[PDB]
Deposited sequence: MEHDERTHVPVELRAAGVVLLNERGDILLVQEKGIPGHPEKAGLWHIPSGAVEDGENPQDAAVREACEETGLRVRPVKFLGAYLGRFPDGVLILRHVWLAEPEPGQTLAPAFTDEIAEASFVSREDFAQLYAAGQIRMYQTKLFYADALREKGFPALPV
């Protein structure tokens, strides 16, 4: 690793979680619309990481802001890079998380969030095939989470 390399500045960071319940259902957040006839796409509870702050703590805070649920990160799953049209790079971080016990889902309805909810493994497979999951990485990490927790893999 003593090989010379240059720094590739990353301007933005986002942090989110793949939160599963006892049945292996995954918690997703839905965007508010897209034509006016279609429903918004789904994504994992996530949000922006403040410059200089810990991404893991941000994942916990942002998840609560969107779903109203207090979560505990259990293990890092992965990070991936995206580039906006203008060249800005964003590094997204994803953790496997567990919800604290005794909580009721209470999504924060905003101009960006329609709602949030738990979706079963079978229904997620349908949503994915129907092109309703905003970022395909969600399926990659959900699969990792199911394996980590000892749940059956996604249908077919």
Task: Deposited residues without C-alpha coordinates, grouped into stretches that follow sequence order - done: 1, 36-37
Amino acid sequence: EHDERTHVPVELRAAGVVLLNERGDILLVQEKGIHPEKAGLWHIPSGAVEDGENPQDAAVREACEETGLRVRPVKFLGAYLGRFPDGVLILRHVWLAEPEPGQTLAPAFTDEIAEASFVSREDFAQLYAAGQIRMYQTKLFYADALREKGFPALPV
From here on, numbers count along this sequence of modelled residues.
- [ ] Compare the other PDB entries of this protein and indicate whether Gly68 is left unmodelled in at least a third of them.
- [x] no
TODO: Please establish whether a third or more of the other compared PDB entries omit coordinates for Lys38.
DONE: no
- [ ] Quick one: say whether 37-45 or 65-73 has the higher mean Cα B-factor in the deposited entry.
- [x] 65-73
- [ ] Going by the average Cα B-factor in the PDB entry, point out whether 132-140 or 18-26 comes out higher.
- [x] 18-26
Task: Relative C-alpha B-factor of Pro101, binned into the chain's lowest, middle or highest third - done: highest
Task: Entry-reported Cα temperature factor of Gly52, expressed as the chain third it lands in - done: highest
- [ ] Select lowest, middle or highest to describe the third in which the CA B-factor of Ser120 falls within its chain in this entry.
- [x] lowest
Open item on the list: Test of reading the entry: by CA B factor among the chain's modelled residues, which third contains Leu127?
Closed with: lowest
Open item on the list: Ranking every modelled residue in this chain by its Cα temperature factor as given in the entry, which third contains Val88?
Closed with: lowest
